[PDB]
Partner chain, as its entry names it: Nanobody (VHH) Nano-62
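In C-alpha cells, the next block holds one chain alone, the form deposited without the partner chain.
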C-alpha cells in the first residue's frame, strides 16, 4: 500500500536547502506555477531536475577554480556534461538572490564564495561559473546564507524563483508545477534560511519524503491525505497528493499556515483528480 513517512514535518528537512522545516505555507498571488529543480519527486519514486536522494547532496557544489572561473563536476567529482541537466545534481536552485557558500577542501584546512547568479558568467548548465575571487584549487561548497539578488536592482529576496542556468537556452529544466485549480492550492514546506532577512524557503517536498518515495518505489490519479496529529490521532485536515510530486489543499478562506507542524500526512486512499477537498 502507498505510504508517506510516519514522521512529523517538524522533524523533517527542506529539499532546497539542508534546513529543518519550520512550517507549511501558500504562495503569494503573483506566484502561479512553480519550477523548482531540487525537491522534485514523483510519487513513483522518480527523481526530477537536479534533485538528489539524500539531503547530503542538496545545495552543494564541486569544482576546480582556475582563478577566474570554476568548472563543475558532480558532487562526486565525476564529469558533468550539458546534456545531463541544468546543472550538476544537488546544485543550488534558489533563484532571486545572491549566494554565499562555504567552500572547503579535501586535504587542506574554508572560504565564503559570493555568487551573483545573474551575469553571463553564471553558466552552470555548461559546468562553469564565475570564480569571483576563489583561488585555484578543488573545492566542496554548501550554501550557507543568502542576501538580496545584486542585479534585478534594489530587489528583495524572491525564493519562488529559479536561477538562470544558461547563457545556453535549452538547459533541460524540469517542467513547471501548476496548481490543479478548483480552489485547490499548492502546499509548500517552509524553512528559515540564514541571511540578513526573514527568509522563508519553500519546497514541494521534505527531503526525507523524497528518499522514502525513491526507495518505496510503489507504482493512482491522486492521493487523499489526512494531516493527522500523532498522539491524539485527530485528523487536522484533508489534502491531495499528485503523481508529479506535490500536495494541494483548499484554504478555508483567505490556510495551512494555521496548522501546527508536529503533524503527519497519512495516506488514506487513492481518489479522482477532481476530488473536492474539505476546506482547511
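Residue numbers count along the first chain shown, from 1.
A chain break between residue 254 and residue 255 is present, corresponding to 1 to 3 residues of the deposited sequence without coordinates. According to the PDB entry, the deposited sequence contains 1 to 3 residues between residue 109 and residue 110 that lack coordinates.
The mean C-alpha temperature factor is higher for 177-185 when 124-132 and 177-185 are set side by side. Between 91-99 and 133-141, it is 133-141 that carries the larger average Cα temperature factor according to the deposited entry. By the numbers in the PDB entry, the CA B factor is greatest at 215 among 215, 37, 248, 42. Ranking 17, 261, 12, 266 by the C-alpha B-factor listed in the PDB entry places 261 at the top. Annotation for residue 57: CA B-factor lies in the lowest third of the chain's modelled residues.
In the PDB entry, a CA B factor belonging to the lowest third of its chain's modelled residues is recorded for residue 73. Among all modelled residues in its chain, residue 206 ranks in the lowest third by Cα B-factor. Annotation for residue 104: CA B-factor lies in the lowest third of the chain's modelled residues. Remark: residue 191 belongs to the middle third of its chain, ranked by C-alpha B-factor as recorded.
Beyond the structure shown, there is the form solved in complex with the partner chain, which is absent from this document and is the topic of what follows.
In the entry with it bound, no heavy atom of residue 276 sits within 4.5 Å of the partner chain.
The partner chain is not drawn, but in the entry with it bound it has no heavy atom within 4.5 Å of residue 251. Interface residue remark: residue 46 is counted as part of the site for the partner chain in the entry with it bound, having a heavy atom within 4.5 Å. For the chain shown alone, residue 224 is not a contact residue for the partner chain in the entry with it bound, no non-hydrogen atom being within 4.5 angstroms. Heavy atoms closer than or equal to 4.5 Å to the partner chain in the entry with it bound belong, across 219-236, to the residues 228, 229, 230, 231, 232, 233, ordered by sequence position.
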